[PDB]
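Undergrad: Let me give you the structure first, and then I'll get to my questions.
The numbers here are math on the coordinates, done by the rules we state, and not lab data. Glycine also receives a Cβ, built like all others from the backbone with ideal geometry; neighbour counts cover every protein chain displayed.
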Amino acid sequence: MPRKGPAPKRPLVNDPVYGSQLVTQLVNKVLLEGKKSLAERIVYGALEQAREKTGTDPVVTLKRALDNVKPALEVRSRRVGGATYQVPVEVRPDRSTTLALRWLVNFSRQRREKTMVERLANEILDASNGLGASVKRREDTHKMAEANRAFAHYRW
Amino acid sequence: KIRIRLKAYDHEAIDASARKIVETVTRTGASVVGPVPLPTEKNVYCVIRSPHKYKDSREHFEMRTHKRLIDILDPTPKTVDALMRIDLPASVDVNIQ
Amino acid sequence: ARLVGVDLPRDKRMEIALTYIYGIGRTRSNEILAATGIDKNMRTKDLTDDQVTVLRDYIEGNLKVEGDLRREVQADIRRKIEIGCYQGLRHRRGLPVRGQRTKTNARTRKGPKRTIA
Amino acid sequence: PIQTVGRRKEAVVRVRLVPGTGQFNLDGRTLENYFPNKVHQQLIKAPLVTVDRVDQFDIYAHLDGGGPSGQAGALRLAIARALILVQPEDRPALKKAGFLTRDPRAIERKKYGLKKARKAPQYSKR
Amino acid sequence: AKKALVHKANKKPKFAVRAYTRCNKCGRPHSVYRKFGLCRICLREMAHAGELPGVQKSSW
Amino acid sequence: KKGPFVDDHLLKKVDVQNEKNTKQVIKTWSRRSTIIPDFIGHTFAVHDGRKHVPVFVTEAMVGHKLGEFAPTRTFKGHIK
Amino acid sequence: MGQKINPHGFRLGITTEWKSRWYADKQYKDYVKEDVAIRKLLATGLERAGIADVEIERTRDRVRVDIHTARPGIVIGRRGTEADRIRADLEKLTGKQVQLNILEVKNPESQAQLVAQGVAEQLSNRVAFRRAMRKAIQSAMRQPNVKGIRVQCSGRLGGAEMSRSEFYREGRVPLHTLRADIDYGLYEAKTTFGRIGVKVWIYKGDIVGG
RNA sequence: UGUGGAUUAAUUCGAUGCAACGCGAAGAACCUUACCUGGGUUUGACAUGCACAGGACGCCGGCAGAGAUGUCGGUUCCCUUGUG
RNA sequence: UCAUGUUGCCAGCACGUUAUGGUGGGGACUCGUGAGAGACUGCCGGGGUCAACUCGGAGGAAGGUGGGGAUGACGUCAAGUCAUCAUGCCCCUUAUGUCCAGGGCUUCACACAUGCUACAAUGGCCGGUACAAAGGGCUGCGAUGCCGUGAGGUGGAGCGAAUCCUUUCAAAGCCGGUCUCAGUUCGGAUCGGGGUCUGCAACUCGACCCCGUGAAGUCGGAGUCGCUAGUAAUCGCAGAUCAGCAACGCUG
């Protein structure tokens with residue numbers, strides 16, 4: 001319900017196995033639309049696989065990855081005077097978290113491992129360390145939002 | 001035992017018919033099981049309401065099939081005769097099972 | 001390994017090796033491997049030449065295989081043309097034989113969608 | 001004993017309740033067989049997670065209708081209203097923490113001329 | 001829906017497969033059911049008239 | 001495939017035709033089987049609707065039925 | 001036009017009742033055919049006299065036919081001359097013994113179908129359409145406890161080639177409101193130049209009737 | 001699958017963005033057919049009214065015939081005397 | 001919430017001993033539906049005209065029209081329907097009437113639209129685990145059993161039916177193994193044999209079965225659509241027109 005104010009959102013519970021909101025949001029984003037229990041198993045096995053390959057708590061590793069992927073400035077698609085002038089806008093924490101997790105899932109399904117369990121585990125690792133597609137996209141979006149500061153004072 | 005399965009298209013009409021059957025049974029004298037509504041039966045048929053092609057705004061037709069179960073126990077000839085002697089609504093069909 | 005003439009790839013199960021053949025498909029792969037005594041899970045690399053000979057004899061004797069399926073399908077196709085049948089006429093005009101869609105679909109017969117002027 | 005009716009989309013469960021060492025009796029199954037998803041476990045235990053009665057209290061559930069997650073939610077609601085029945089003080093705690101409010105959110109009525117309810121089919125007007 | 005065609009479908013067929021519905025009230029042969037044996041355009045008009053004992057609007 | 005068509009009128013016509021060992025172009029309205037092998041040698045003028053187009057019956061003629069052995073779907077669909 | 005759902009087709013389970021009432025197991029189609037045949041039999045001669053309603057109920061397969069007419073004497077003339085003749089005709093046509101029931105509407109033209117009947121007869125009577133309207137419209141409201149009316153007409157009004165229409169409203173006639181009890185009446189006059197359809201909506205009141 | 005374009009005997013007809021084209025068509029080997037080719041009926045397949053013969057028609061079968069249709073085989077009126 | 005125990009569920013009870021409420025009984029609970037209650041900002045606080053309205057809290061299952069439907073004022077676009085139907089008018093009356101034969105209406109060198117299938121390993125093959133409701137059913141469900149690779153054949157119980165068939169109602173999901181990111185166990189086209197049933201007859205002109213078929217397509221270009229929560233999306237089931245099905249459709 002836009003044009004009327006902030007839109008109410010569905011609340012999110014923590015993971016039963018793990019107990020973290022980021023874990024459950026990652027589950028729902030890796031969730032191929034139609035199945036959850038199998039998607040939950042896949043994200044699970046991915047998180048344990050990240051666990052032994054990191055030796056730490058998968059929730060903390062996912063938090064580190066999300067921080068290494070969370071954006072700070074977003075670019076909309078406003079048309080100003082018939083010319084595409086990019087207006088960067090500060091991102092709210094929920095929107096930035098959603099963007100980071102969406103990027104993580106999108107580049108997780110891109111990987112070429114045997115299973116998307118392995119693909120998601122490798123994506124988690126490559127976002128935590130800072131050598132994955134999600135991290136480089138986080139760098140590129142900030143680079144492009146800083147390259148167009150001349151249009152940043154529009155304040156929309 | 002007599003299973004008077006009365007069926008009517010109106011819930012209140014069948015309710016009244018079942019109550020009148022129960023009262024006739026009680027007046028003549030016989031055991032009565034409390035009114036047990038059978039769940040339903042539903043057929044959904046759709047129709048393209050247009051003299052020609054207008055596939056938009058179809059309409060689906062329904063019907064109410066209310067069924068009440070009163071398992072009359074130990075019937076009497078003065079009850080059985082009254083079962084088919086008079087049925088004022090004549091819109092509730094009685095199956096004797 | 002060696003077979004009637006359809007390759008059995010290095011990383012395909014035995015039923016999976018069979019499924020590639022025109023003569024044998026997945027269901028016939030299961031049937032043949034049950035009748036002969038070869039696992040549907042074992043690889044082509046784990047295959048034995050004696051089992052190869054037994055399998056080849058069984059398939060060539062009790063199953064329509066590459067050659068048998070050709071001499072069946074194409075011979076009866078030309079049979080239904082030579083009787084003038086409209087199954088034959090579906091064959092001739094590049095149409096599905098059972099009279100199903102030829103107007104726009106049936107690309108595997110007439111050939112892919114194209115474009116006229 | 002005390003029985004609880006948990007109503008879901010179309011999953012309705014009648015549950016007998018009794019204090020005792022935590023047991024979970026389904027329609028011929030335990031809790032560790034009916035919910036192998038390892039997710040509905042804590043979901044159904046959530047009313048038991050909130051008020052500490054996971055193992056001090058018991059459940060003899062008989063379900064009818066619905067599916068795995070739906071019957072998990074029905075069993076969960078049965079647990080919540082059962083905790084209401086046992087301790088009246090549990091009801092305000094569950095209501096405050098968020099419980100005891102049924103969800104009328106079911107698969108809504110399909111709209112005629114649409115692939116799904118609230119789903120307009122893809123189109124290309126000429 | 002010619003009266004000749006109506007009588008033709010009403011007349012006996014020489015094959016067991018020639019039988020079809022051909023709704024008699026109006027003459028439309030297509031989209032005719034078993035429970036009522038009529039066409040859609042006449043079905044809606046009869047149904048809106050209330051003469052049918054039981055059909056009403058559906059709303060759940 | 002319990003039983004194919006018998007061409008009852010065409011069956012009697014063909015029986016009368018070949019019992020006398022005389023070959024005649026039977027203006028055959030029937031178009032629903034050539035399953036019976038005895039039709040060989042009989043010039044079935046298949047009534048495709050427009051006329052009675054002759055069709056000959058062979059040994060491998062079995063397995064498919066009599067109708068568009070003479071085609072009825074006159075088609076060119078492109079310039080002609 | 002505007003998707004005006006039939007008021008009797010919309011409040012048939014709320015305020016108004018069905019003309020026919022019975023129950024039939026694996027017997028619906030033949031009952032529908034019998035109803036259609038009986039209503040077709042009673043179509044022209046009854047509407048010329050001013051018929052209002054035709055109810056067909058089913059007793060234990062013998063008969064129940066009620067015809068509500070707006071004038072006694074035409075349907076039942078000399079005792080046995082008219083009522084018994086049509087009763088015997090129904091007995092012959094329908095495979096049942098017909099004890100035909102004929103009852104008279106207590107008031108003059110006050111039904112939507114009756115108003116449409118009068119309006120169409122006047123329009124066929126070469127009178128000024130307007131007159132016919134207003135006149136029959138005045139003769140429409142009537143309905144002792146009357147609250148609202150909506151008189152509509154369409155088709156070759158006055159014999160012209162254009163299918164013109166007229167709309168007249170009086171008082172409360174909430175079609176949308178379900179506690180409306182709005183009677184619907186549609187009748188088509190067959191003029192020399194064509195046909196004229198007449199619609200009457202009669203809003204009795206705001207009573208729920210529940 | 002339907003529509004447009006083209007063949008065709010027909011590829012039935014209309015609907016042609018919204019408000020046509022997984023449409024009327026919630027169902028084309030006969031049927032559906034509305035189209036064509038060909039064969040029959042011609043007050044006609046279907047009826048109504050005036051007669052005029054009438055006690056037959058009409059049915060149960062055979063045959064020819066693509067089938068319509070035609071051939072007759074056998075029954076032959078029920079009213080109540082006006083004739084229906 | 002009251003009522004309500006049968007065909008239905010079965011805690012409180014017994015009998016089944018396998019077949020599960022299945023049975024005797026059990027109203028206790030849904031269930032089943034008859035009635036009713038219960039969202040009406042019902043209470044409170046805050047702005048606001050001391051007003052509407054708004055916000056927030058509380059009781060409340062529902063909170064601020066509870067939700068889903070059912071509501072088409074005036075009129076709007078000669079949109080569409082003389083092929084639903086009648087209809088003014090014109091035409092044939094012996095034909096454009098009329099029955100039947102056969103065909104086509106399914107034809108295709110294509111354009112578009114809509115869908116299923118995919119283009120996989122979230123998946124393909126193989127096997128096991130447990131849950132749906134609505135239904136629909138008298139010449140119809142039609143089961144058990146069996147021949148059957150599998151259609152299909154028998155076959156008729158219980159069935160005008162909460163009883164019996166639809167399975168004591170699923171699938172996705174859970175698990176295990178394989179397959180190992182590929183023209184693939186993808187994916188199904190494609191057609192051939194033989195049949196199998198319905199159908200007088202399946203070449204146009206049904207479908208299915210045993211086998212085999214393994215194409216394109218390796219996720220789509222311009223451009224485009226839908227979706228504000230049970231929503232997008234996935235999977236399965238049923239119902240109608242259906243003797244045979246073009247249905248991957250429509251209604252749920």
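Undergrad: If you check D:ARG91, D:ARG81, which single one turns out to be in contact (Cβ under 8 Å) with a residue 60 or more places away in the chain, surrounded by 15 or more Cβ atoms within 10 Å (Cβ to Cβ) and part of a helix (DSSP H, G or I)?
TA: Values: D:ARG91 fails: in contact (Cβ under 8 Å) with a residue 60 or more places away in the chain.
Residue meeting the stated conditions: D:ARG81.
Undergrad: Do we find that E:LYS35 is facing another protein chain (nearest Cβ under 7 Å) and either outside any helix (DSSP H, G or I) or among the acidic types (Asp, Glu) (or both) in this structure? Break it down into steps so the answer makes sense when it comes.
TA: Working: facing another protein chain (nearest Cβ under 7 Å): yes; either outside any helix (DSSP H, G or I) or among the acidic types (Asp, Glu) (or both): yes.
Yes.
Matching residues to (1) within 19 Å of the chain's Cα centre (by Cα); (2) more than 30 Å from A:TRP156 (Cβ to Cβ); (3) more than 16 Å from RNA strand H (Cβ to nearest atom); (4) of a type in the set (D, E, K, R):
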residue: A:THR24; (1), (2), (3), (4): yes, yes, yes, no
residue: A:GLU33; (1), (2), (3), (4): yes, yes, yes, yes
residue: A:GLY55; (1), (2), (3), (4): no, yes, yes, no
residue: A:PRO88; (1), (2), (3), (4): yes, no, yes, no
residue: A:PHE107; (1), (2), (3), (4): yes, no, yes, no
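Undergrad: For the stretch C:87-105, give me each residue that is buried (at least 17 other Cβ atoms within 10 Å of the Cβ) and in a loop (DSSP other than H, G, I, E, B). Steps first, answer last, please.
TA: In the first step, residues of the stretch C:87-105 are kept if they are buried (at least 17 other Cβ atoms within 10 Å of the Cβ); the result is C:87-91, C:95.
C:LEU95 - this is the single residue of the stretch C:87-105 that is buried (at least 17 other Cβ atoms within 10 Å of the Cβ) and in a loop (DSSP other than H, G, I, E, B).
Undergrad: Are there any pairs, at least 6 apart or on different chains, whose C-beta atoms fall under 7 Å, with the first in the stretch C:1-20 and hydroxyl-bearing (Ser, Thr, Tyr) and the second in a loop (DSSP other than H, G, I, E, B), and if so, which?
TA: Correct list of pairs: C:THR19/C:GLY25; C:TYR20/C:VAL6.
Undergrad: Oh, and also: Could you list, in sequence order, the residues of the stretch F:4-14 that are free of Cβ contacts under 8 Å to residues at least 60 places away in the same chain and within 11 Å of RNA strand H (Cβ to nearest atom)?
TA: Start the filter on the stretch F:4-14 by keeping residues that are free of Cβ contacts under 8 Å to residues at least 60 places away in the same chain, which leaves F:6-14.
Answer for the stretch F:4-14, where residues must be free of Cβ contacts under 8 Å to residues at least 60 places away in the same chain and within 11 Å of RNA strand H (Cβ to nearest atom): F:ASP7, F:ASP8, F:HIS9, F:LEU10, F:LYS12, F:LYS13.
Undergrad: Of everything in the stretch E:24-44, what is near RNA strand I (Cβ under 7 Å from one of its atoms) and out of contact with any strand residue (DSSP E or B) (no Cβ under 8 Å at 6 or more places or on another chain)? Give them in sequence order.
TA: If the condition is that a residue be near RNA strand I (Cβ under 7 Å from one of its atoms) and out of contact with any strand residue (DSSP E or B) (no Cβ under 8 Å at 6 or more places or on another chain), then E:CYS26, E:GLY27, E:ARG28, E:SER31, E:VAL32, E:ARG34, E:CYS39, E:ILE41, E:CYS42 are the ones that fit.
Undergrad: Kindly indicate the residue of the stretch A:1-49 that is under 22 Å from A:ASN122 (Cβ atoms) and polar (S, T, N, Q) and also farthest from RNA strand I (Cβ to nearest atom) among those meeting that condition.
TA: Among residues in the stretch A:1-49 that are under 22 Å from A:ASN122 (Cβ atoms) and polar (S, T, N, Q), the one farthest from RNA strand I (Cβ to nearest atom) is A:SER20.
Undergrad: Further question: For G:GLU55, state whether it is within 14 Å of chain E (Cβ to nearest Cβ), within 15 Å of the chain's Cα centre (by Cα) and over 26 Å from G:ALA189 (Cα atoms).
TA: Numbers: within 14 Å of chain E (Cβ to nearest Cβ): yes; within 15 Å of the chain's Cα centre (by Cα): yes; over 26 Å from G:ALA189 (Cα atoms): no.
No.
Undergrad: Just to be sure before I move on: is A:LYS70 among the basic types (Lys, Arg) and either crowded, with 17+ Cβ neighbours inside 10 Å or at positive phi (or both) in the structure I sent?
TA: Values: among the basic types (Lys, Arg): yes; either crowded, with 17+ Cβ neighbours inside 10 Å or at positive phi (or both): yes.
Spelling it out, A:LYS70 is indeed among the basic types (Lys, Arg) and either crowded, with 17+ Cβ neighbours inside 10 Å or at positive phi (or both).
Undergrad: Still on this structure: Restricted to the stretch F:29-80, and to residues that are assigned to a helix (DSSP H, G or I) and in contact with a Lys or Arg (Cβ under 6 Å, 6 or more places away or on another chain), which residue is surrounded by the most Cβ atoms within 10 Å (Cβ to Cβ)?
TA: Taking the stretch F:29-80 and keeping what is assigned to a helix (DSSP H, G or I), we get F:37-39, F:59-61, F:67-69.
Narrowing further to those that are in contact with a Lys or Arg (Cβ under 6 Å, 6 or more places away or on another chain): F:60, F:67.
Numbers: F:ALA60: 13, F:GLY67: 20.
Across the stretch F:29-80, the extreme among qualifying residues is F:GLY67.
Undergrad: Now a separate question. Of all the residues that make up the stretch A:35-70, how many are within 24 Å of A:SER96 (Cα to Cα) and in contact with a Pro (Cβ under 8 Å, 6 or more places away or on another chain)?
TA: So the answer is 2.
Undergrad: Which of (1) in contact with a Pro (Cβ under 8 Å, 6 or more places away or on another chain); (2) closer than 18 Å to G:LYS40 by Cβ; (3) away from chain G (no Cβ under 14 Å) is the odd one out, the single condition E:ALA19 does not satisfy?
TA: (2)
Undergrad: Does the stretch B:45-89 hold any residues that are among the aliphatic types (A, V, I, L, M) and within 11 Å of chain E (Cβ to nearest Cβ), and which are they? Before you say what the answer is, go through the steps one by one.
TA: Let us first name the residues in the stretch B:45-89 that are among the aliphatic types (A, V, I, L, M), namely B:47-48, B:63, B:69-70, B:72-73, B:80, B:82-84, B:86, B:88.
Passing the criteria: B:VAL47, B:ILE48, B:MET63.
Undergrad: Taking the stretch G:14-31, which residues are within 19 Å of the chain's Cα centre (by Cα), facing chain E (nearest Cβ under 7 Å) and free of Cβ contacts under 8 Å to residues at least 12 places away in the same chain?
TA: Passing the criteria: only G:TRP18.
Undergrad: Quick check: anything in the stretch C:35-42 touching a helix residue (DSSP H, G or I) at 6+ places or on another chain (Cβ under 9 Å) and buried (at least 18 other Cβ atoms within 10 Å of the Cβ)? Spell out the reasoning first.
TA: Residues of the stretch C:35-42 touching a helix residue (DSSP H, G or I) at 6+ places or on another chain (Cβ under 9 Å): C:35-42.
Now drop any that are not buried (at least 18 other Cβ atoms within 10 Å of the Cβ), which leaves C:38.
Checking the stretch C:35-42: at least one residue is touching a helix residue (DSSP H, G or I) at 6+ places or on another chain (Cβ under 9 Å) and buried (at least 18 other Cβ atoms within 10 Å of the Cβ).
Undergrad: Please enumerate the residues belonging to the stretch D:101-116 that are surrounded by 10 or more Cβ atoms within 10 Å (Cβ to Cβ) and over 15 Å from B:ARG58 (Cβ atoms). First the steps, then the outcome.
TA: Within the stretch D:101-116, the subset surrounded by 10 or more Cβ atoms within 10 Å (Cβ to Cβ) is D:101-103, D:106, D:108, D:110-116.
Answer for the stretch D:101-116, where residues must be surrounded by 10 or more Cβ atoms within 10 Å (Cβ to Cβ) and over 15 Å from B:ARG58 (Cβ atoms): D:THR101, D:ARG102, D:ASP103, D:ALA106, D:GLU108, D:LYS116.
Undergrad: Then there is this: Among the numbered criteria (1) touching a residue at least 40 places away in the same chain (Cβ under 8 Å); (2) away from chain C (no Cβ under 12 Å); (3) not polar (S, T, N, Q), which single criterion is violated by F:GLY49?
TA: Looking at each condition in turn, F:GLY49 falls short on (1).
Undergrad: If I filter the stretch B:39-53 for residues that are buried (at least 17 other Cβ atoms within 10 Å of the Cβ), over 25 Å from E:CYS39 (Cβ atoms), of a type outside the set (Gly, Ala, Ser) and within 18 Å of the chain's Cα centre (by Cα), do I get at least one hit? Before the answer, list the steps.
TA: The first filter runs over the stretch B:39-53 and keeps only residues buried (at least 17 other Cβ atoms within 10 Å of the Cβ), leaving B:47, B:49.
Of the ones still in play, those that are also over 25 Å from E:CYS39 (Cβ atoms) are none.
No, the stretch B:39-53 contains no residue that is buried (at least 17 other Cβ atoms within 10 Å of the Cβ), over 25 Å from E:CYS39 (Cβ atoms), of a type outside the set (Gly, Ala, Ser) and within 18 Å of the chain's Cα centre (by Cα).
Undergrad: Given the condition closer than 23 Å to G:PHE10 by Cβ and either away from RNA strand H (no atom under 16 Å from the Cβ) or acidic (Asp, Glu) (or both), answer yes or no: does some residue in the stretch B:12-34 qualify? Step through it out loud before you land on a result.
TA: First, the residues of the stretch B:12-34 that are closer than 23 Å to G:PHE10 by Cβ: B:12-13.
Narrowing the set further to residues that are either away from RNA strand H (no atom under 16 Å from the Cβ) or acidic (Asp, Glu) (or both) leaves B:12-13.
Scanning the stretch B:12-34, I find at least one residue that is closer than 23 Å to G:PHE10 by Cβ and either away from RNA strand H (no atom under 16 Å from the Cβ) or acidic (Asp, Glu) (or both), so the answer is yes.
Undergrad: For the stretch D:104-114, which residues satisfy the criterion of being more than 14 Å from chain B (Cβ to nearest Cβ) and free of Cβ contacts under 8 Å to residues at least 60 places away in the same chain? Step through it out loud before you land on a result.
TA: Going residue by residue through the stretch D:104-114, those that are more than 14 Å from chain B (Cβ to nearest Cβ) are D:104-108.
Result: D:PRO104, D:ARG105, D:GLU108.
Undergrad: Being in a loop (DSSP other than H, G, I, E, B) and either farther than 13 Å from A:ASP67 by Cα or hydrophobic (A, V, I, L, M, F, W, C) (or both) is the filter here; which residues of the stretch A:122-131 pass it? Steps first, answer last, please.
TA: Within the stretch A:122-131, the first condition is being in a loop (DSSP other than H, G, I, E, B), and the residues that meet it are A:130-131.
Hit for the stretch A:122-131 is A:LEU131, nothing else.
Undergrad: Please specify each residue of the stretch B:64-92 satisfying the condition of being within 9 Å of RNA strand I (Cβ to nearest atom) and within 22 Å of E:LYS35 (Cβ to Cβ). Can you show your working first?
TA: Filtering the stretch B:64-92 down to residues within 9 Å of RNA strand I (Cβ to nearest atom) leaves B:64-71, B:73.
B:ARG64, B:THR65, B:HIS66, B:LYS67, listed by residue number.
Undergrad: Further question on the same structure: Looking for whichever is assigned to a helix (DSSP H, G or I) and touching an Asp or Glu at 6+ places or on another chain (Cβ under 8 Å) here; the options are A:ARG119, A:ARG137, A:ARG111, A:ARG102. Which one fits? Write out each step before concluding.
TA: Details: A:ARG137 fails: touching an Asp or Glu at 6+ places or on another chain (Cβ under 8 Å); A:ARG111 fails: assigned to a helix (DSSP H, G or I); A:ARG102 fails: touching an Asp or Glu at 6+ places or on another chain (Cβ under 8 Å).
None of the other options fit; the residue is A:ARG119.
Undergrad: Continuing with this model, one more query. Considering the stretch B:32-73 alone, what residues qualify as being part of a loop (DSSP other than H, G, I, E, B), touching a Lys or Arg at 6+ places or on another chain (Cβ under 7 Å) and either among the acidic types (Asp, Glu) or in contact (Cβ under 8 Å) with a residue 40 or more places away in the chain (or both)?
TA: The one that is part of a loop (DSSP other than H, G, I, E, B), touching a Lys or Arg at 6+ places or on another chain (Cβ under 7 Å) and either among the acidic types (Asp, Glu) or in contact (Cβ under 8 Å) with a residue 40 or more places away in the chain (or both): B:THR65.
Undergrad: Could I ask something else about it? With (1) within 16 Å of RNA strand H (Cβ to nearest atom); (2) within 13 Å of chain F (Cβ to nearest Cβ); (3) exposed (fewer than 14 other Cβ atoms within 10 Å of the Cβ); (4) small (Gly, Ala, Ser) as the list, and C:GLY84 as the residue in question, which single condition is left unmet?
TA: (3)
Undergrad: Could you give me the residue pairs with C-beta distances under 6 Å whose first residue belongs to the stretch G:155-184 and is closer than 28 Å to G:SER124 by Cβ, whose second residue is within 8 Å of RNA strand I (Cβ to nearest atom) and assigned to a strand (DSSP E or B) wherever it lies, and which are 6+ apart or on separate chains?
TA: As it stands, the answer is G:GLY155/G:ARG195; G:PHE167/G:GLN152; G:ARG169/G:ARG150; G:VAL173/G:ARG150, since those pairs meet every condition given.
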